[PDB]
$ cat upload-v8.cif   # mmCIF, N, CA and C atoms
data_run
#
loop_
_atom_site.label_atom_id
_atom_site.label_comp_id
_atom_site.auth_asym_id
_atom_site.auth_seq_id
_atom_site.Cartn_x
_atom_site.Cartn_y
_atom_site.Cartn_z
N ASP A 3 -18.38 134.45 78.65
CA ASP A 3 -18.56 134.83 80.05
C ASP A 3 -19.96 134.50 80.56
N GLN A 4 -20.72 135.57 80.79
CA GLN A 4 -22.11 135.47 81.20
C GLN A 4 -22.91 135.19 79.94
N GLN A 5 -23.91 134.33 80.07
CA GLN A 5 -24.72 133.92 78.93
C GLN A 5 -25.58 135.08 78.41
N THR A 6 -25.57 135.27 77.08
CA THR A 6 -26.38 136.29 76.42
C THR A 6 -27.32 135.68 75.38
N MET A 7 -28.43 136.36 75.13
CA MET A 7 -29.45 135.88 74.20
C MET A 7 -29.20 136.46 72.82
N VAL A 8 -29.17 135.60 71.81
CA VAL A 8 -28.71 136.04 70.51
C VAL A 8 -29.72 135.74 69.41
N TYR A 9 -29.96 136.72 68.57
CA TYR A 9 -30.74 136.46 67.38
C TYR A 9 -29.84 136.53 66.16
N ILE A 10 -29.98 135.54 65.30
CA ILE A 10 -29.21 135.49 64.09
C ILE A 10 -30.14 135.57 62.91
N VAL A 11 -29.92 136.59 62.08
CA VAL A 11 -30.69 136.80 60.87
C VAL A 11 -29.93 136.31 59.66
N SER A 12 -30.56 135.46 58.86
CA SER A 12 -29.90 134.94 57.68
C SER A 12 -30.83 134.19 56.73
N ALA A 13 -30.64 134.42 55.44
CA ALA A 13 -31.32 133.64 54.42
C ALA A 13 -31.01 132.15 54.56
N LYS A 14 -29.80 131.84 55.02
CA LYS A 14 -29.34 130.45 55.09
C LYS A 14 -29.46 129.88 56.50
N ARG A 15 -30.48 130.31 57.23
CA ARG A 15 -30.57 129.99 58.64
C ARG A 15 -30.74 128.49 58.93
N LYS A 16 -31.48 127.76 58.10
CA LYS A 16 -31.65 126.31 58.33
C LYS A 16 -30.30 125.60 58.31
N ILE A 17 -29.47 125.98 57.35
CA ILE A 17 -28.13 125.44 57.30
C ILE A 17 -27.24 125.91 58.46
N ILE A 18 -27.30 127.19 58.84
CA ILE A 18 -26.47 127.57 59.98
C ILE A 18 -27.02 126.98 61.28
N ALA A 19 -28.33 126.80 61.35
CA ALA A 19 -28.94 126.23 62.53
C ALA A 19 -28.52 124.78 62.71
N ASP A 20 -28.42 124.03 61.60
CA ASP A 20 -28.03 122.62 61.70
C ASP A 20 -26.58 122.50 62.13
N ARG A 21 -25.70 123.23 61.46
CA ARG A 21 -24.29 123.20 61.81
C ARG A 21 -24.02 123.66 63.25
N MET A 22 -24.88 124.52 63.79
CA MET A 22 -24.73 124.99 65.16
C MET A 22 -25.01 123.84 66.12
N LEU A 23 -26.01 123.04 65.76
CA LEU A 23 -26.38 121.86 66.53
C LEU A 23 -25.38 120.73 66.36
N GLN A 24 -24.97 120.48 65.12
CA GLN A 24 -24.05 119.38 64.84
C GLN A 24 -22.66 119.61 65.42
N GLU A 25 -22.07 120.77 65.12
CA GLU A 25 -20.65 120.99 65.37
C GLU A 25 -20.37 121.81 66.62
N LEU A 26 -21.42 122.38 67.20
CA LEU A 26 -21.26 123.19 68.40
C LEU A 26 -22.14 122.71 69.55
N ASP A 27 -23.02 121.75 69.27
CA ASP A 27 -23.81 121.12 70.32
C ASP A 27 -24.77 122.12 70.93
N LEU A 28 -25.08 123.15 70.15
CA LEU A 28 -25.92 124.24 70.63
C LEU A 28 -27.40 124.00 70.43
N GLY A 29 -28.16 124.23 71.49
CA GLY A 29 -29.60 124.27 71.44
C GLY A 29 -30.14 125.64 71.03
N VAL A 30 -30.76 125.65 69.85
CA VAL A 30 -31.34 126.85 69.29
C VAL A 30 -32.82 126.63 69.09
N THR A 31 -33.58 127.71 69.16
CA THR A 31 -35.00 127.64 68.84
C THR A 31 -35.26 128.58 67.65
N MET A 32 -36.11 128.17 66.73
CA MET A 32 -36.40 128.99 65.57
C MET A 32 -37.58 129.95 65.83
N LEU A 33 -37.29 131.22 66.11
CA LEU A 33 -38.33 132.21 66.36
C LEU A 33 -38.94 132.76 65.09
N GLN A 34 -40.24 133.06 65.15
CA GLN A 34 -40.95 133.62 64.01
C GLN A 34 -41.08 135.12 64.28
N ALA A 35 -40.57 135.93 63.36
CA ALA A 35 -40.53 137.37 63.53
C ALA A 35 -41.83 138.03 63.06
N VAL A 36 -42.19 139.15 63.69
CA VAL A 36 -43.37 139.92 63.32
C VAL A 36 -43.01 140.80 62.13
N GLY A 37 -43.47 140.42 60.93
CA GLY A 37 -43.21 141.22 59.75
C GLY A 37 -44.15 142.40 59.66
N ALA A 38 -43.89 143.32 58.74
CA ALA A 38 -44.90 144.34 58.45
C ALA A 38 -46.28 143.69 58.22
N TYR A 39 -46.29 142.54 57.55
CA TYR A 39 -47.52 141.80 57.25
C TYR A 39 -47.43 140.44 57.88
N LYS A 40 -48.58 139.83 58.20
CA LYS A 40 -48.59 138.49 58.78
C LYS A 40 -48.25 137.37 57.79
N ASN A 41 -48.55 137.56 56.50
CA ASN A 41 -48.18 136.58 55.46
C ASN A 41 -46.68 136.44 55.32
N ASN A 42 -45.98 137.57 55.44
CA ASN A 42 -44.53 137.64 55.25
C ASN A 42 -43.69 137.04 56.37
N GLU A 43 -43.65 135.71 56.42
CA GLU A 43 -42.88 135.01 57.43
C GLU A 43 -41.39 135.21 57.20
N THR A 44 -40.70 135.55 58.27
CA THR A 44 -39.25 135.51 58.27
C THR A 44 -38.89 134.98 59.64
N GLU A 45 -38.06 133.95 59.67
CA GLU A 45 -37.72 133.35 60.94
C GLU A 45 -36.29 133.71 61.32
N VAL A 46 -36.08 133.76 62.61
CA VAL A 46 -34.83 134.16 63.17
C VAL A 46 -34.35 133.04 64.08
N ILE A 47 -33.04 132.79 64.11
CA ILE A 47 -32.49 131.81 65.05
C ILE A 47 -32.28 132.50 66.38
N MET A 48 -32.83 131.92 67.44
CA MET A 48 -32.54 132.39 68.78
C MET A 48 -31.68 131.40 69.53
N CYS A 49 -30.65 131.91 70.19
CA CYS A 49 -29.78 131.04 70.92
C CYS A 49 -29.19 131.76 72.12
N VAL A 50 -29.38 131.17 73.29
CA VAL A 50 -28.69 131.63 74.47
C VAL A 50 -27.30 131.00 74.54
N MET A 51 -26.27 131.81 74.79
CA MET A 51 -24.91 131.29 74.77
C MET A 51 -23.87 132.15 75.49
N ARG A 52 -22.80 131.50 75.95
CA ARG A 52 -21.72 132.18 76.65
C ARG A 52 -21.05 133.11 75.67
N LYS A 53 -20.56 134.24 76.18
CA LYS A 53 -19.93 135.26 75.35
C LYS A 53 -18.78 134.74 74.49
N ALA A 54 -18.33 133.51 74.74
CA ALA A 54 -17.17 132.95 74.04
C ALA A 54 -17.56 131.91 72.98
N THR A 55 -18.78 131.42 73.07
CA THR A 55 -19.35 130.59 72.03
C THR A 55 -19.61 131.46 70.80
N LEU A 56 -19.82 132.75 71.05
CA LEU A 56 -20.17 133.68 70.00
C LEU A 56 -19.16 133.74 68.85
N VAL A 57 -17.88 133.71 69.20
CA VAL A 57 -16.83 133.73 68.20
C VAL A 57 -16.91 132.52 67.30
N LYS A 58 -17.12 131.36 67.91
CA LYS A 58 -17.21 130.13 67.13
C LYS A 58 -18.35 130.28 66.14
N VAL A 59 -19.43 130.90 66.58
CA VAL A 59 -20.62 131.03 65.74
C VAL A 59 -20.42 132.05 64.64
N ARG A 60 -19.80 133.16 65.01
CA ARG A 60 -19.43 134.18 64.06
C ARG A 60 -18.65 133.56 62.91
N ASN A 61 -17.71 132.68 63.23
CA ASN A 61 -16.85 132.07 62.21
C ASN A 61 -17.62 131.07 61.38
N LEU A 62 -18.63 130.49 61.99
CA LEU A 62 -19.52 129.64 61.26
C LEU A 62 -20.28 130.48 60.23
N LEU A 63 -20.66 131.70 60.61
CA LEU A 63 -21.38 132.57 59.70
C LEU A 63 -20.55 132.90 58.46
N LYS A 64 -19.30 133.28 58.69
CA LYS A 64 -18.38 133.56 57.59
C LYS A 64 -18.46 132.46 56.52
N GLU A 65 -18.56 131.21 56.96
CA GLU A 65 -18.54 130.10 56.03
C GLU A 65 -19.84 129.91 55.28
N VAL A 66 -20.94 130.43 55.81
CA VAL A 66 -22.23 130.06 55.25
C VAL A 66 -23.00 131.23 54.67
N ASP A 67 -22.96 132.37 55.35
CA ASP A 67 -23.67 133.57 54.90
C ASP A 67 -22.91 134.81 55.37
N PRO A 68 -22.06 135.37 54.49
CA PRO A 68 -21.30 136.59 54.80
C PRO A 68 -22.23 137.74 55.14
N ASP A 69 -23.49 137.61 54.74
CA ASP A 69 -24.46 138.68 54.99
C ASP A 69 -25.30 138.48 56.25
N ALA A 70 -25.16 137.32 56.88
CA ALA A 70 -25.81 137.10 58.15
C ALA A 70 -25.26 138.06 59.19
N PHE A 71 -26.08 138.34 60.19
CA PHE A 71 -25.65 139.13 61.33
C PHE A 71 -26.47 138.72 62.55
N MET A 72 -25.99 139.14 63.71
CA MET A 72 -26.57 138.72 64.96
C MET A 72 -26.91 139.90 65.80
N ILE A 73 -28.01 139.79 66.53
CA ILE A 73 -28.36 140.77 67.51
C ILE A 73 -28.08 140.24 68.89
N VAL A 74 -27.14 140.87 69.58
CA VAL A 74 -26.76 140.44 70.91
C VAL A 74 -27.50 141.22 72.00
N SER A 75 -28.52 140.58 72.58
CA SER A 75 -29.40 141.18 73.60
C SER A 75 -28.69 141.70 74.86
N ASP B 3 -50.35 144.97 78.09
CA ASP B 3 -49.45 146.03 77.60
C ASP B 3 -48.22 146.26 78.49
N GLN B 4 -47.48 145.19 78.75
CA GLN B 4 -46.22 145.29 79.46
C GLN B 4 -45.16 145.83 78.50
N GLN B 5 -44.39 146.81 78.96
CA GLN B 5 -43.31 147.35 78.14
C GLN B 5 -42.34 146.25 77.72
N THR B 6 -42.19 146.08 76.40
CA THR B 6 -41.32 145.05 75.81
C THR B 6 -40.33 145.60 74.76
N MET B 7 -39.14 144.99 74.69
CA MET B 7 -38.04 145.46 73.85
C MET B 7 -38.17 144.94 72.41
N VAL B 8 -37.89 145.81 71.43
CA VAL B 8 -38.15 145.45 70.04
C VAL B 8 -37.02 145.81 69.09
N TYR B 9 -36.69 144.88 68.21
CA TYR B 9 -35.73 145.18 67.17
C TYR B 9 -36.43 145.22 65.82
N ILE B 10 -36.12 146.23 65.03
CA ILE B 10 -36.74 146.34 63.74
C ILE B 10 -35.64 146.23 62.72
N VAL B 11 -35.76 145.22 61.86
CA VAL B 11 -34.84 145.02 60.76
C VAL B 11 -35.40 145.58 59.47
N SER B 12 -34.75 146.58 58.90
CA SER B 12 -35.19 147.12 57.64
C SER B 12 -34.10 147.86 56.90
N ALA B 13 -34.07 147.69 55.59
CA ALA B 13 -33.17 148.46 54.74
C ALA B 13 -33.49 149.96 54.84
N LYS B 14 -34.78 150.28 54.94
CA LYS B 14 -35.25 151.66 55.00
C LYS B 14 -35.32 152.19 56.45
N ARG B 15 -34.46 151.68 57.32
CA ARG B 15 -34.59 151.96 58.74
C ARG B 15 -34.47 153.45 59.13
N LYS B 16 -33.60 154.21 58.47
CA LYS B 16 -33.48 155.63 58.80
C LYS B 16 -34.81 156.38 58.63
N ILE B 17 -35.46 156.16 57.50
CA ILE B 17 -36.82 156.66 57.29
C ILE B 17 -37.81 156.19 58.37
N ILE B 18 -37.81 154.90 58.66
CA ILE B 18 -38.69 154.36 59.69
C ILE B 18 -38.44 154.98 61.05
N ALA B 19 -37.16 155.09 61.42
CA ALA B 19 -36.77 155.65 62.70
C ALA B 19 -37.24 157.09 62.83
N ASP B 20 -37.14 157.87 61.75
CA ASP B 20 -37.54 159.27 61.81
C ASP B 20 -39.05 159.41 62.00
N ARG B 21 -39.82 158.66 61.23
CA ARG B 21 -41.27 158.71 61.34
C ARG B 21 -41.77 158.17 62.68
N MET B 22 -40.99 157.29 63.29
CA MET B 22 -41.35 156.75 64.60
C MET B 22 -41.27 157.85 65.64
N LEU B 23 -40.23 158.68 65.48
CA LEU B 23 -39.97 159.82 66.35
C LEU B 23 -40.92 160.98 66.11
N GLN B 24 -41.24 161.25 64.85
CA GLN B 24 -42.04 162.41 64.53
C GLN B 24 -43.49 162.17 64.86
N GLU B 25 -44.00 161.03 64.42
CA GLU B 25 -45.43 160.79 64.43
C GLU B 25 -45.92 159.96 65.60
N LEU B 26 -44.99 159.28 66.28
CA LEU B 26 -45.33 158.49 67.47
C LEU B 26 -44.48 158.87 68.70
N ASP B 27 -43.62 159.86 68.55
CA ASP B 27 -42.82 160.38 69.66
C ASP B 27 -42.05 159.29 70.38
N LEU B 28 -41.74 158.22 69.65
CA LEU B 28 -41.02 157.10 70.24
C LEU B 28 -39.55 157.39 70.25
N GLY B 29 -38.91 157.06 71.37
CA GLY B 29 -37.47 157.15 71.49
C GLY B 29 -36.82 155.84 71.09
N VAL B 30 -35.90 155.92 70.14
CA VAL B 30 -35.25 154.73 69.63
C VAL B 30 -33.73 154.88 69.65
N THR B 31 -33.05 153.75 69.79
CA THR B 31 -31.59 153.71 69.67
C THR B 31 -31.23 152.97 68.39
N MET B 32 -30.26 153.50 67.67
CA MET B 32 -29.81 152.82 66.47
C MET B 32 -28.66 151.87 66.81
N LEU B 33 -29.04 150.67 67.21
CA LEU B 33 -28.10 149.59 67.54
C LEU B 33 -27.37 148.99 66.33
N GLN B 34 -26.17 148.49 66.58
CA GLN B 34 -25.34 147.93 65.52
C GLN B 34 -25.15 146.43 65.71
N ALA B 35 -25.45 145.66 64.67
CA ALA B 35 -25.44 144.20 64.78
C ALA B 35 -24.02 143.62 64.65
N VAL B 36 -23.82 142.42 65.17
CA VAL B 36 -22.55 141.74 64.98
C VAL B 36 -22.73 140.93 63.73
N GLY B 37 -22.14 141.39 62.63
CA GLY B 37 -22.20 140.63 61.39
C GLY B 37 -21.19 139.51 61.34
N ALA B 38 -21.24 138.68 60.31
CA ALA B 38 -20.20 137.67 60.09
C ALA B 38 -18.78 138.28 60.06
N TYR B 39 -18.65 139.45 59.44
CA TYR B 39 -17.40 140.23 59.42
C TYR B 39 -17.75 141.57 60.00
N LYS B 40 -16.77 142.27 60.57
CA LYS B 40 -17.05 143.62 61.08
C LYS B 40 -17.05 144.76 60.05
N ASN B 41 -16.40 144.61 58.89
CA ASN B 41 -16.51 145.64 57.86
C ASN B 41 -17.93 145.68 57.33
N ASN B 42 -18.66 144.60 57.55
CA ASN B 42 -20.03 144.49 57.05
C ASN B 42 -21.06 144.96 58.08
N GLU B 43 -21.11 146.27 58.33
CA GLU B 43 -22.06 146.82 59.28
C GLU B 43 -23.52 146.71 58.82
N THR B 44 -24.38 146.43 59.78
CA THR B 44 -25.82 146.46 59.57
C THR B 44 -26.41 147.03 60.86
N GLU B 45 -27.37 147.93 60.71
CA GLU B 45 -27.91 148.64 61.85
C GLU B 45 -29.32 148.20 62.11
N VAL B 46 -29.66 148.13 63.38
CA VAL B 46 -30.96 147.69 63.80
C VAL B 46 -31.58 148.81 64.63
N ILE B 47 -32.89 149.01 64.51
CA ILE B 47 -33.60 149.93 65.41
C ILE B 47 -34.05 149.20 66.67
N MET B 48 -33.60 149.69 67.83
CA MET B 48 -34.07 149.19 69.11
C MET B 48 -35.06 150.16 69.76
N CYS B 49 -36.14 149.62 70.31
CA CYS B 49 -37.15 150.45 70.89
C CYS B 49 -37.93 149.67 71.93
N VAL B 50 -38.01 150.21 73.14
CA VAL B 50 -38.87 149.63 74.17
C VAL B 50 -40.23 150.29 74.07
N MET B 51 -41.28 149.49 74.21
CA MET B 51 -42.61 149.98 73.94
C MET B 51 -43.68 148.99 74.38
N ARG B 52 -44.89 149.50 74.55
CA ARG B 52 -46.04 148.70 74.94
C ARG B 52 -46.61 148.06 73.67
N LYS B 53 -47.39 146.99 73.82
CA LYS B 53 -47.96 146.26 72.67
C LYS B 53 -48.88 147.09 71.76
N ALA B 54 -49.61 148.03 72.34
CA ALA B 54 -50.47 148.91 71.56
C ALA B 54 -49.65 149.71 70.57
N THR B 55 -48.53 150.24 71.05
CA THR B 55 -47.60 150.96 70.20
C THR B 55 -47.11 150.06 69.05
N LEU B 56 -46.91 148.78 69.35
CA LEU B 56 -46.37 147.84 68.36
C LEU B 56 -47.26 147.75 67.13
N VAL B 57 -48.56 147.89 67.34
CA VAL B 57 -49.50 147.87 66.25
C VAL B 57 -49.38 149.12 65.38
N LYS B 58 -49.20 150.27 66.01
CA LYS B 58 -49.02 151.48 65.23
C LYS B 58 -47.75 151.38 64.40
N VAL B 59 -46.69 150.85 65.00
CA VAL B 59 -45.40 150.74 64.34
C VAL B 59 -45.49 149.79 63.16
N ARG B 60 -46.11 148.65 63.39
CA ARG B 60 -46.34 147.69 62.33
C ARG B 60 -47.02 148.32 61.11
N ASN B 61 -47.99 149.18 61.35
CA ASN B 61 -48.70 149.84 60.27
C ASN B 61 -47.84 150.85 59.56
N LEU B 62 -46.87 151.35 60.28
CA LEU B 62 -45.94 152.28 59.71
C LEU B 62 -44.98 151.53 58.81
N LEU B 63 -44.71 150.27 59.15
CA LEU B 63 -43.82 149.45 58.34
C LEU B 63 -44.44 149.20 56.98
N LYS B 64 -45.70 148.78 57.00
CA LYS B 64 -46.45 148.56 55.78
C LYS B 64 -46.28 149.76 54.86
N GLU B 65 -46.22 150.93 55.47
CA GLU B 65 -46.21 152.17 54.73
C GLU B 65 -44.84 152.52 54.15
N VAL B 66 -43.79 151.83 54.58
CA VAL B 66 -42.45 152.27 54.23
C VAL B 66 -41.61 151.17 53.63
N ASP B 67 -41.61 150.02 54.31
CA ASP B 67 -40.86 148.85 53.90
C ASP B 67 -41.63 147.60 54.29
N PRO B 68 -42.32 147.01 53.31
CA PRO B 68 -43.09 145.77 53.40
C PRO B 68 -42.23 144.58 53.82
N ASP B 69 -40.93 144.66 53.59
CA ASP B 69 -40.06 143.52 53.90
C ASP B 69 -39.48 143.62 55.29
N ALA B 70 -39.58 144.81 55.87
CA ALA B 70 -39.16 145.00 57.25
C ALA B 70 -39.83 144.00 58.18
N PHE B 71 -39.17 143.73 59.29
CA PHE B 71 -39.77 142.91 60.33
C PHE B 71 -39.21 143.27 61.70
N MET B 72 -39.83 142.71 62.73
CA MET B 72 -39.53 143.05 64.11
C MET B 72 -39.23 141.80 64.90
N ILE B 73 -38.25 141.90 65.77
CA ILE B 73 -38.04 140.86 66.76
C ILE B 73 -38.46 141.36 68.12
N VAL B 74 -39.45 140.68 68.69
CA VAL B 74 -39.99 141.04 69.99
C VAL B 74 -39.42 140.16 71.10
N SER B 75 -38.48 140.73 71.85
CA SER B 75 -37.69 140.02 72.87
C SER B 75 -38.50 139.19 73.87
#

$ encode --input "upload-v8.cif" --output "structure tokens"
Amino acid sequence: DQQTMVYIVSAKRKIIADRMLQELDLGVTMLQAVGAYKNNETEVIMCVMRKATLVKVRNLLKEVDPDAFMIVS
Amino acid sequence: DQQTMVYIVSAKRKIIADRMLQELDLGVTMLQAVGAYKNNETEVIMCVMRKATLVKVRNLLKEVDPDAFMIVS
């Protein structure tokens, strides 16, 4: 429906980020998250997308990281 | 110090959420993430706050869960 901003957390984010671009034509930006410490980098995938692209992405997650999850802003 | 929305990812989130309320009087919502599967729940702390507060919270993270991190919308 209306476009929502999504953060995806995952150990396998580089791989899910590539497949999102390859197979879904999605433009994502790799955000750097504020850890408890500045040394402790953890990056999050950010992607703005229609409420219906989300399902396609969810199913992509199932295939790559069952432990990944998304924050829907 | 513009009020900004924050997500805190941590395994020890219940402890973090309580100390945020007790010692910083911060009001937080325990948001639920969209995982790859829905049986696989993961909870996120949501909190709107000024940047000064973010520094106090960050220091609280160090104190509880070093692996925790924050997404600043």

$ interface_residues --input "upload-v8.cif" --of "chain B" --to "chain A" --cutoff "6.5 Å" --atoms "all atoms listed in the file" --output "list in words"
residues 35, 36, 37, 38, 39, 60, 61, 63, 64, 67, 68, 69, 70, 71, 72, 73 and 74 of chain B

$ select_by_dssp --input "upload-v8.cif" --residues "chain B" --states "alpha helix (DSSP H)" --output "list in words"
residues 15, 16, 17, 18, 19, 20, 21, 22, 23, 24, 25, 26, 53, 54, 55, 56, 57, 58, 59, 60, 61, 62, 63 and 64 of chain B

$ resolve_selection --input "upload-v8.cif" --expression "the PyMOL selection byres ((chain B and resi 31) around 6.5)" --output "ChimeraX atom specification"
/B:29-30,32-33,46-49

$ atom_distance --input "upload-v8.cif" --atom1 "atom C of residue 14 of chain B" --atom2 "atom C of residue 19 of chain A"
28.9 Å

$ axis_aligned_box --input "upload-v8.cif" --around "segment 34-37 of chain B" --padding-each-side "6 Å" --output "JSON"
{"center_x": -23.7, "center_y": 144.0, "center_z": 64.0, "size_x": 17.0, "size_y": 21.0, "size_z": 17.2}

$ residues_around --input "upload-v8.cif" --residues "residue 53 of chain A" --least-positions-apart "2" --cutoff "7 Å" --atoms "all atoms listed in the file" --output "VMD selection string"
chain A and resid 3 to 6 51 55 to 57

$ atom_distance --input "upload-v8.cif" --atom1 "atom N of residue 21 of chain B" --atom2 "atom N of residue 41 of chain A"
23.3 Å

$ atom_distance --input "upload-v8.cif" --atom1 "atom CA of residue 52 of chain B" --atom2 "atom N of residue 13 of chain B"
22.8 Å

$ select_by_dssp --input "upload-v8.cif" --residues "segment 7-48 of chain A" --states "strand (DSSP E or B)" --output "PyMOL selection string"
chain A and resi 7-11+31-34+36-37+45-48
